[PDB]
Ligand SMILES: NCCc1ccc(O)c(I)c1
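First, one chain by itself in structure tokens, the form solved without the ligand.
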């Protein structure tokens, strides 16, 4: 199916054990598409002093369409040394590996896949 409905846990930053997905953008955009379809992908909301606490290259999720079934449209976007690769709308947060972290909140989305 072109698209897919998912429900990412929102994790508090101070408990993310694995603080990112890789060392090359190509690699964070692959472990991260992968821990998704396996339901092992969390989401940290961006606020101040959050993004210093996570390993680059960052994988964002960003609104790509102002929303079927109450699930937003998003696509991945990697960020490394100021350059975003991929083009997209509103940062809904950054994707990290969830490995047990108790959430505070789920976020429905819809993945161009």
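Residue numbers count along the first chain shown, from 1.
Unmodelled residues of the deposited sequence between residue 66 and residue 67: 1 to 3.
Checked against the record, the higher mean CA B factor of 52-60 and 68-76 lies with 68-76. Taking the PDB entry as given, 77-85 carries the higher mean Cα B factor of the two stretches 36-44 and 77-85. In the PDB entry, a CA B factor belonging to the middle third of its chain's modelled residues is recorded for residue 16.
When the modelled residues of the chain are ordered by C-alpha B-factor, residue 92 sits in the lowest third. Among the modelled residues of its chain, residue 109 has a C-alpha B-factor that falls in the highest third, as given in the PDB entry.
If you look for the form solved in complex with the ligand, you will not find it shown, but the lines that follow are about it.
No clash is found between the ligand, overlaid from its position in the deposited complex, and the backbone or C-beta atoms here, as no atom lies within 2.4 Å; the site counts as open. For the options 36, 54, 73, 77, the one in contact with the ligand in the deposited complex, meaning a heavy atom within 4.5 Å, is 36.
The ligand in the deposited complex comes within 4.5 Å of a heavy atom belonging to residue 113.
Residues are counted as partner-facing when one of their heavy atoms sits within 4.5 Å of the ligand in the deposited complex; in 2-35 these are 4, 6, 33, in sequence order.
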